[PDB]
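Asks: Right, I'll just put the structure down here and ask away after.
Counting neighbours? That spans all protein chains shown, and the Cβs are built from the backbone with ideal geometry, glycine included. Read the figures in this text as sums done on the coordinates, not as results from a lab.
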Amino acid sequence: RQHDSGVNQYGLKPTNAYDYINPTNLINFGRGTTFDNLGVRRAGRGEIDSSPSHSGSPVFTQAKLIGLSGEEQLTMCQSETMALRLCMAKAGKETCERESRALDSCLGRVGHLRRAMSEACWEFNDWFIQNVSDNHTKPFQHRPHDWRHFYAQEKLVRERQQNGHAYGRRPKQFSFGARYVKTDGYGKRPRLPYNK
Amino acid sequence: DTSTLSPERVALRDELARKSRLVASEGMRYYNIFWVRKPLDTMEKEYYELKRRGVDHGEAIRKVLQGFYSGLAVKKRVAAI
Amino acid sequence: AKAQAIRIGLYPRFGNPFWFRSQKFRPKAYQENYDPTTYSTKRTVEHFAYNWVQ
Amino acid sequence: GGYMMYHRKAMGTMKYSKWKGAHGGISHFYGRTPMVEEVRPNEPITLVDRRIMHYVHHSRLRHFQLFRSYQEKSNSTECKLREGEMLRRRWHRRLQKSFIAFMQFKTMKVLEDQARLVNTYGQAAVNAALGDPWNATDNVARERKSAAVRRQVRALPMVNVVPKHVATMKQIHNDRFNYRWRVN
Amino acid sequence: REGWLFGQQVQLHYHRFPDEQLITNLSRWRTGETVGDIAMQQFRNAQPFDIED
Amino acid sequence: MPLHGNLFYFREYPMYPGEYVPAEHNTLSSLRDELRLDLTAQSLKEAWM
Amino acid sequence: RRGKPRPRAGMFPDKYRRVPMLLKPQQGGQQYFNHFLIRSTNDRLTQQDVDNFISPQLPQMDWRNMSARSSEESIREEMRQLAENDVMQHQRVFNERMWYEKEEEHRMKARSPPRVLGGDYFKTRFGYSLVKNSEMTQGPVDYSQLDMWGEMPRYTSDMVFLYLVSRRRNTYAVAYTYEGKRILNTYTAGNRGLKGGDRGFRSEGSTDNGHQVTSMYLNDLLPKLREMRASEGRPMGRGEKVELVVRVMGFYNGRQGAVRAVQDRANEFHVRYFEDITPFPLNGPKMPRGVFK
Ligand SMILES: [Mg+2]
Ligand SMILES: [Mg+2]
Ligand SMILES: [Mg+2]
């Protein structure tokens, strides 16, 4: 037909029972929204909700990648400017436009280099959106509680070592001087928790 | 997709092809011409041939390669003549 | 090792006394060569730049 | 009261306060010295320093030190922070590999292009454009060109930047290198 | 569904089939533009690096 | 009257797997090199340069 | 406009938007074009005169050189030649760097049967297979690559140790004789004014207070040094420098500026070793509880 299968006349087409009860979700998300902008839940580009996602957390650092506009950013010509600065600081009797020419030659190239990189990076944003991004569909991996199951696995281990007993228990912290301030008969080092 | 090539074969024809690019390119320069026999295969065939006559690895390789090169020598001699 | 070495006085409680000597053993990777496997995003874009300008 | 060396109040200056340890030559810091740099002759110590400081900052050591040496944090919050850090790292790596796997494709398209240039102008021509000495004639021209390449390749020393430390009010993080809000 | 490396939805490549360079360049090929051509040789089957630990 | 080199110098980018310099094709060839005897796009274009 | 900020310049429609492109800038001087064209052509002809490929070449006159190549000497040659260059080149284009190194090595090198052991002999040598792969250098080995104290400071009975400590809200500096005798008192960012009842705490421990403090301390440090040396009989009259070991506590901001204020004294103070002592907390006594934890 004339347009998408997952979007009908009035908005997104409501498959699960969540959409029949809560049909705001059919047509609304964010400020950036249009009627053709449903079913693509990502909006245009440079636009509100355009950001591609990677394992659910959106990608807002793209420029930072290609080393345009970053604190760590890629630097084209250094030897130039340091050479010219050196000259400028040495003495005022002789003057060097011999260096300034080398240098501004360098910059003159740098311009087209940058337009190139920016271009290629926009191509990356597109490729990424097609073949990698899940469009904010999958659960975050980037915060420790999202890995809770993993941590649990190790708590379990420390428990079975303890005769299957103290879960999530840890050794009591002692003192800075713990070992050397304590008389005989008292524990000088922190024990396993089951061994209290 | 699974390589029909067993890793030994891989090592062999890959090594053959790194010793000479002409042997590698021959059948397929641009697209694969697949109804013509190719040097890489012919040479692998007579490699195994040598091996089962008890010629060792290195010598068999340089020998097969010499075969291809002397054939090529004939050809380009005719070309010049 | 570091623990024993320290309590015997054969290694300092802070710092690396062999830091320079040890640089041979470390794979110092020159910005001029390219290794296809890096988590360095800078080096990649650097060689991209180099070849495009070429 | 007795403070550690990385403590806030550590080296005090007051009428009562006095500094602890043999303070010169062979010193209190004798084997406690984290870094040693012999200054090369005719080298400003500002390069020396900015190299040291860049080093510590990029390897996140000055991070750690600032962090632990200011205030106390329970082993749980410390865990939460180090693991959060490490997991965000994991994520961003898995991003970089994607970027890079694309960029090697970009570079491939560039090199491919360069090949097409080759068979438009012929290989040798392309080579000429690339700085080939075919006018080289005698060795003296080669030596001028290579004296050019020599004077290029020899590296000027890097001034590399170290982000300043931001002092906020009650100092929720003394790791603060930027004004962005953090999750403690 | 995810790739292991960076979580891609596809297996990476540049080229796959033997003919694609030919078939793409076809009128050039009949023309005979492609005879000494080194771009259709060098990179024809070229595939990505293994970026892997 | 009053009135070049790259931004970097690197070695050669690695060779992608499946990629090779085509056979009988001299990569390093200059204009002070000798003229090859035949007529190829390559030989004719170097000649013409 | 009204109680709000004026927009940035580019937020307005173009100032010259109504003036046609031909006008900005005007191209005038069209009169001179023709003149300078004829001029340049006449010039060219002169440059042709200063200095002063369709020589018909028949293919039948060449035949001898063709028969030269049909002899299998020359084809033995071409075969050898072509088998050399078939070896899988990694170059792909003329590269400036690699050329440079190559010819660099040509300048460096212009400046510069016993029975084969079988596989069985190496089967009986366990050691050999561990020699082939080993990292460890075999030959007399350099001693300076072993000894502990190799890269480390080397002091002198006369050296002054300058301590620059950068703290969060403060920075200070001192000096000490090698035998640990204190020279002048500790100049501090709150000792020198520079601190309280002022611009703020945020800038208190800043870069230039560290600078102020160090440049103020060195200034006073010189004369008392000449005194302490005048006492023991070391005149240190002229053309002399003070050998300095700069020890730095830090990672705070006041560090940078501090050392800079030393660098400008390079005509007086000679810095032999720059080594920082910054405490690292493995674990220890509780630090003061901050706001959140
Ligand atoms: Mg939103
Ligand atoms: Mg008390
Ligand atoms: Mg509470």
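Asks: Just flag the chymotrypsin sites (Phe, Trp or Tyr not before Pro) in region G:183-272 sitting in loop per DSSP whose Cβ has no more than 16 other Cβ atoms within 10 Å.
Replies: G:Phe201
Asks: If you don't mind, another one. What's the magnitude of the charge dipole for chain F around its Cα centre, counting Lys and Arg as +1 and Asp and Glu as -1 at the beta-carbon? Answer in Debye, nearest 20.
Replies: Dipole about the Cα centre, nearest 20: 200 debye.
Asks: Continuing with the same structure: Can you list which of the chymotrypsin sites (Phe, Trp or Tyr not before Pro) found in region D:11-82 are DSSP loop residues with at most 10 other C-beta atoms within 10 Å?
Replies: Loop-located and lightly packed - D:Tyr16.
Asks: Between rounded, prolate and oblate, where does chain D land on the alpha carbon gyration tensor, with a ≥ b ≥ c its root eigenvalues, rounded for a/c under 1.5, else prolate if a/b exceeds b/c?
Replies: Note, shape of chain D comes out oblate.
Asks: Further question on the same structure: Step through the table entries C:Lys42/D:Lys170; B:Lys19/C:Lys24; C:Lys2/C:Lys24; C:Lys28/G:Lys132; A:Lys64/D:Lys170; B:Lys38/B:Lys63, compare each Cα-Cα distance with 25 Å, and write down the pairs that go over it.
Replies: Beyond 25 Å between Cα atoms: C:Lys42/D:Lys170; B:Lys19/C:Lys24; A:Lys64/D:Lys170.
Asks: Tell me, A:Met117, D:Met35 in order of fewest to most beta-carbon neighbours within 10 Å?
Replies: D:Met35, A:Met117
Asks: Given +1 on the Cβ of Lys and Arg, -1 on the Cβ of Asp and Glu, and no further charges, what dipole in debye does region A:37-117 carry about its Cα centre, rounded to the nearest 20?
Replies: With only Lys, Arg, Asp and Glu charged at Cβ, the dipole is about 140 debye.
Asks: Hey, what do the phi angles of region G:20-27 turn into as Karplus ³J(HN,Hα) couplings, whole Hz, using 6.51/-1.76/1.60 and θ = phi - 60°, x for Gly and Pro?
Replies: 3J(HN,Hα) across region G:20-27, in whole Hz: x, 3, 4, 7, 10, x, 6, 8.
Asks: Given R₀ = 22 Å, what would the calculated FRET efficiency be for D:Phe177 paired with A:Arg85, taking r from the Cβ atoms and rounding to 0.05?
Replies: Using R0 = 22 Å, I get an efficiency of 0.25.
Asks: Which of D:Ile26, A:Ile129 has the fewest other C-beta atoms within 10 Å, and how do the rest follow up to the most?
Replies: D:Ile26, A:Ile129
Asks: Taking amide H positions as placed 1.01 Å from N in the peptide plane, with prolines and chain starts having none, which residues 5 or more places from G:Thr188, or on another chain, fall under 5 Å of its amide H?
Replies: The answer is none.
Asks: Hey, quick one: spin label on A:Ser5, modelled 7 Å out along Cα-Cβ, who in region A:31-66 has an amide N within reach, i.e. under 16 Å?
Replies: In region A:31-66, the label zone of A:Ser5 (backbone N under 16 Å from the point 7 Å along Cα→Cβ) covers A:39-40.
Asks: Going by how many other beta carbons lie within 10 Å of each one, how would you line up C:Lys2, G:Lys224, fewest first?
Replies: C:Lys2, G:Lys224
Asks: How would you classify chain B from its alpha-carbon gyration tensor, with a ≥ b ≥ c the square roots of the eigenvalues: rounded for a/c under 1.5, else prolate if a/b is greater than b/c, otherwise oblate?
Replies: Judged from the Cα gyration tensor, chain B comes out oblate (a/c at least 1.5, b/c at or above a/b).
Asks: Using DSSP to define loop residues, name the chymotrypsin sites (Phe, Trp or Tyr not before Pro) in region A:28-92 whose beta-carbon has at most 11 other beta-carbon atoms within 10 Å.
Replies: Loop-located and lightly packed - A:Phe35, A:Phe60.
Asks: Next question, about the same structure. By the scheme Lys and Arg +1, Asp and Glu -1, what is the net charge of all other residues having a beta-carbon under 14 Å from that of G:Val259?
Replies: -1
Asks: From the phi angles alone, apply the Karplus equation (6.51, -1.76, 1.60; θ = phi - 60°) to region C:8-22 and give each ³J(HN,Hα) in whole Hz, x where the residue is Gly or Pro.
Replies: For region C:8-22, the Karplus curve yields 8, x, 9, 8, x, 6, 8, x, 10, x, 9, 3, 6, 3, 6 Hz.
Asks: I'd like the mean, over residues of G:95-107, of how many other protein chain beta carbons sit within 10 Å of each residue's own Cβ.
Replies: That average works out to 6.
Asks: What range in chain E is the longest one free of trypsin sites (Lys or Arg not before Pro) that are in a loop by DSSP and have at most 16 other Cβ atoms within 10 angstrom?
Replies: Counting at most 16 other Cβ atoms within 10 Å as exposed, the longest clean stretch of chain E is E:17-53.
Asks: Amide H of G:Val160: which non-local residues (sequence gap of 5 or more, or other chain) have their own amide H closer than 5 Å, using H built in the peptide plane?
Replies: G:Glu243, G:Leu244, G:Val245
Asks: Determine the sum of side-chain charges near D:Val48: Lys and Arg each +1, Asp and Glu each -1, restricted to other residues whose C-beta is under 11 angstrom from that of D:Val48.
Replies: With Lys, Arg at +1 and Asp, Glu at -1, the neighbours total -3.
Asks: Right, here's the next one. State which stretch of chain B is the longest one without any exposed chymotrypsin sites (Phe, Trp or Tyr not before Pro), exposure meaning a DSSP loop state and at most 13 other Cβ atoms within 10 Å.
Replies: Segment B:36-81 is the longest.
Asks: If you plug each phi of region G:268-273 into the Karplus form 6.51 cos²θ - 1.76 cosθ + 1.60 with θ = phi - 60°, what whole-Hz ³J(HN,Hα) values come out, in order, with x for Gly and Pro?
Replies: 10, 8, 9, 8, 7, 10
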